[PDB]
>>> print(open('protein-v2.txt').read())   # compact mmCIF, C-alpha atoms
# COMPACT_ATOMS: atom_id res chain seq x y z
CA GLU A 7 9.85 0.16 -7.26
CA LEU A 8 9.28 -1.85 -4.07
CA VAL A 9 7.93 -0.58 -0.73
CA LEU A 10 8.01 -2.17 2.73
CA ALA A 11 4.77 -2.31 4.79
CA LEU A 12 5.57 -0.65 8.15
CA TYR A 13 2.15 -1.52 9.67
CA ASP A 14 -0.78 -3.83 9.09
CA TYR A 15 -3.51 -2.19 7.06
CA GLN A 16 -6.95 -3.70 6.51
CA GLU A 17 -8.86 -2.45 3.49
CA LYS A 18 -11.84 -0.23 4.30
CA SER A 19 -13.18 0.60 0.85
CA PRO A 20 -13.47 -1.02 -2.62
CA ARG A 21 -10.34 0.72 -3.93
CA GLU A 22 -8.09 -0.38 -1.03
CA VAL A 23 -5.95 -3.46 -0.47
CA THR A 24 -4.88 -5.26 2.74
CA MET A 25 -1.21 -5.63 3.76
CA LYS A 26 0.65 -7.10 6.69
CA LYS A 27 3.64 -5.48 8.42
CA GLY A 28 6.84 -6.72 6.74
CA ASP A 29 5.18 -7.30 3.32
CA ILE A 30 7.17 -6.21 0.30
CA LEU A 31 4.78 -4.54 -2.18
CA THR A 32 5.21 -3.46 -5.77
CA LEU A 33 4.65 0.30 -6.06
CA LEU A 34 2.45 1.19 -9.07
CA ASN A 35 1.58 4.85 -8.50
CA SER A 36 2.86 7.36 -5.96
CA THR A 37 1.56 10.59 -7.43
CA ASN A 38 -0.93 11.17 -4.60
CA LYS A 39 0.61 12.37 -1.35
CA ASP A 40 -1.77 10.42 0.90
CA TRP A 41 -2.68 7.17 -0.93
CA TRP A 42 -0.30 5.01 -2.99
CA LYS A 43 -1.36 2.29 -5.45
CA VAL A 44 0.47 -0.98 -4.82
CA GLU A 45 0.28 -4.60 -5.90
CA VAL A 46 0.01 -7.15 -3.06
CA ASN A 47 0.42 -10.59 -4.48
CA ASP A 48 -2.36 -10.71 -7.09
CA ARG A 49 -4.37 -7.65 -6.01
CA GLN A 50 -3.89 -3.93 -6.85
CA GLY A 51 -5.22 -1.00 -4.85
CA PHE A 52 -4.50 1.81 -2.45
CA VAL A 53 -2.84 1.93 0.98
CA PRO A 54 -1.91 5.01 3.05
CA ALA A 55 1.45 6.37 1.86
CA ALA A 56 2.58 6.98 5.45
CA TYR A 57 2.37 3.24 6.20
CA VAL A 58 5.01 2.20 3.62
CA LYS A 59 8.64 2.93 3.08
CA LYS A 60 10.24 3.05 -0.39
CA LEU A 61 13.28 0.75 -0.68
>>> encode(input="protein-v2.txt", output="structure tokens")
Amino acid sequence: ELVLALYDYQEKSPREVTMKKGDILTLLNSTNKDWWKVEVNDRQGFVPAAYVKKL
């Protein structure tokens, strides 16, 4: 599963990752309603679910 970054997001805790608007991220875990685990290049961590769109 791939998701599209709708907004920039800068990581704010150890478990988070940074993404840029337009990035295509690999979705690893979407069980939480608020925070989804993605892979952004070579890093894995959480971004807000509202800021990505499943493709």
>>> residues_around(input="protein-v2.txt", residues="range 12-14 of chain A", least_positions_apart="4", cutoff="8 Å", atoms="only C-alpha atoms", output="PDB file with C-alpha atoms, keeping the file's coordinate frame")
ATOM      1  CA  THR A  24      -4.880  -5.260   2.740  1.00  0.00           C
ATOM      2  CA  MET A  25      -1.210  -5.630   3.760  1.00  0.00           C
ATOM      3  CA  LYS A  26       0.650  -7.100   6.690  1.00  0.00           C
ATOM      4  CA  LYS A  27       3.640  -5.480   8.420  1.00  0.00           C
ATOM      5  CA  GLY A  28       6.840  -6.720   6.740  1.00  0.00           C
ATOM      6  CA  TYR A  57       2.370   3.240   6.200  1.00  0.00           C
ATOM      7  CA  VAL A  58       5.010   2.200   3.620  1.00  0.00           C
ATOM      8  CA  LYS A  59       8.640   2.930   3.080  1.00  0.00           C
TER       9      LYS A  59
END
>>> atom_distance(input="protein-v2.txt", atom1="CA of residue 38 in chain A", atom2="CA of residue 51 in chain A")
12.9 Å
>>> residues_around(input="protein-v2.txt", residues="residue 52 in chain A", least_positions_apart="6", cutoff="6 Å", atoms="only C-alpha atoms", output="VMD selection string")
chain A and resid 22 to 23 41 to 43
>>> write_last_selection(input="protein-v2.txt", atoms="C-alpha atoms", output="JSON list (two decimals), in the coordinates of the input")
[["chain", "number", "residue", "atom", "x", "y", "z"],
["A", 22, "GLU", "CA", -8.09, -0.38, -1.03],
["A", 23, "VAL", "CA", -5.95, -3.46, -0.47],
["A", 41, "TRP", "CA", -2.68, 7.17, -0.93],
["A", 42, "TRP", "CA", -0.30, 5.01, -2.99],
["A", 43, "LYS", "CA", -1.36, 2.29, -5.45]]
>>> atom_distance(input="protein-v2.txt", atom1="CA of residue 7 in chain A", atom2="CA of residue 21 in chain A")
20.5 Å
>>> atom_distance(input="protein-v2.txt", atom1="CA of residue 61 in chain A", atom2="CA of residue 29 in chain A")
12.1 Å
>>> closest_residue(input="protein-v2.txt", among="A:53, A:47, A:20, A:11", to="residue 35 in chain A", atoms="all atoms listed in the file")
A:53
>>> residues_around(input="protein-v2.txt", residues="residue 44 in chain A", least_positions_apart="5", cutoff="6 Å", atoms="only C-alpha atoms", output="ChimeraX atom specification")
/A:32-34,50-51
>>> decode(input="protein-v2.txt", residues="chain A", atoms="C-alpha atoms", output="PDB file, in the first residue's frame")
ATOM      1  CA  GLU A   7       0.000   0.000   0.000  1.00  0.00           C
ATOM      2  CA  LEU A   8       1.164   3.503  -0.967  1.00  0.00           C
ATOM      3  CA  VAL A   9      -0.042   6.832   0.451  1.00  0.00           C
ATOM      4  CA  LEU A  10       0.390  10.376  -0.869  1.00  0.00           C
ATOM      5  CA  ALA A  11       1.597  13.126   1.531  1.00  0.00           C
ATOM      6  CA  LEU A  12      -1.003  15.923   1.353  1.00  0.00           C
ATOM      7  CA  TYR A  13       1.037  18.296   3.578  1.00  0.00           C
ATOM      8  CA  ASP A  14       4.557  18.754   4.867  1.00  0.00           C
ATOM      9  CA  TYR A  15       5.044  17.181   8.267  1.00  0.00           C
ATOM     10  CA  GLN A  16       8.145  17.668  10.411  1.00  0.00           C
ATOM     11  CA  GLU A  17       8.790  15.010  13.036  1.00  0.00           C
ATOM     12  CA  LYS A  18       8.214  16.144  16.617  1.00  0.00           C
ATOM     13  CA  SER A  19       9.044  13.006  18.588  1.00  0.00           C
ATOM     14  CA  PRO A  20      11.382   9.975  18.368  1.00  0.00           C
ATOM     15  CA  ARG A  21       8.705   7.739  16.833  1.00  0.00           C
ATOM     16  CA  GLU A  22       7.794  10.182  14.016  1.00  0.00           C
ATOM     17  CA  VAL A  23       9.167  10.681  10.512  1.00  0.00           C
ATOM     18  CA  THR A  24       9.343  13.793   8.284  1.00  0.00           C
ATOM     19  CA  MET A  25       7.580  13.989   4.891  1.00  0.00           C
ATOM     20  CA  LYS A  26       7.167  16.606   2.212  1.00  0.00           C
ATOM     21  CA  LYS A  27       3.907  17.341   0.360  1.00  0.00           C
ATOM     22  CA  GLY A  28       3.768  15.180  -2.779  1.00  0.00           C
ATOM     23  CA  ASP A  29       5.918  12.353  -1.301  1.00  0.00           C
ATOM     24  CA  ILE A  30       4.766   8.833  -2.035  1.00  0.00           C
ATOM     25  CA  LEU A  31       5.169   6.743   1.148  1.00  0.00           C
ATOM     26  CA  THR A  32       4.944   3.037   1.785  1.00  0.00           C
ATOM     27  CA  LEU A  33       2.157   2.327   4.295  1.00  0.00           C
ATOM     28  CA  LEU A  34       3.250  -0.198   6.957  1.00  0.00           C
ATOM     29  CA  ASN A  35       0.495   0.006   9.573  1.00  0.00           C
ATOM     30  CA  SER A  36      -2.859   1.780   9.543  1.00  0.00           C
ATOM     31  CA  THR A  37      -4.546   0.189  12.528  1.00  0.00           C
ATOM     32  CA  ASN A  38      -4.495   3.391  14.591  1.00  0.00           C
ATOM     33  CA  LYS A  39      -7.050   5.988  13.558  1.00  0.00           C
ATOM     34  CA  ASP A  40      -4.801   8.985  14.250  1.00  0.00           C
ATOM     35  CA  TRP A  41      -1.202   7.916  13.495  1.00  0.00           C
ATOM     36  CA  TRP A  42      -0.068   5.714  10.594  1.00  0.00           C
ATOM     37  CA  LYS A  43       3.324   3.992  10.315  1.00  0.00           C
ATOM     38  CA  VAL A  44       4.993   4.664   6.968  1.00  0.00           C
ATOM     39  CA  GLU A  45       8.367   4.211   5.321  1.00  0.00           C
ATOM     40  CA  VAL A  46       9.927   7.376   3.857  1.00  0.00           C
ATOM     41  CA  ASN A  47      12.941   6.431   1.850  1.00  0.00           C
ATOM     42  CA  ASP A  48      15.058   4.569   4.424  1.00  0.00           C
ATOM     43  CA  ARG A  49      13.237   5.616   7.611  1.00  0.00           C
ATOM     44  CA  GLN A  50      10.105   4.141   9.285  1.00  0.00           C
ATOM     45  CA  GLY A  51       7.828   5.939  11.731  1.00  0.00           C
ATOM     46  CA  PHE A  52       4.544   7.666  12.344  1.00  0.00           C
ATOM     47  CA  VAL A  53       2.780  10.569  10.614  1.00  0.00           C
ATOM     48  CA  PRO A  54      -0.753  11.888  11.234  1.00  0.00           C
ATOM     49  CA  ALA A  55      -3.260   9.780   9.281  1.00  0.00           C
ATOM     50  CA  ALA A  56      -5.214  12.882   8.239  1.00  0.00           C
ATOM     51  CA  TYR A  57      -2.179  14.201   6.329  1.00  0.00           C
ATOM     52  CA  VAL A  58      -1.988  11.270   3.866  1.00  0.00           C
ATOM     53  CA  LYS A  59      -4.264   9.817   1.279  1.00  0.00           C
ATOM     54  CA  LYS A  60      -4.303   6.096   0.407  1.00  0.00           C
ATOM     55  CA  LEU A  61      -3.809   5.457  -3.330  1.00  0.00           C
TER      56      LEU A  61
END
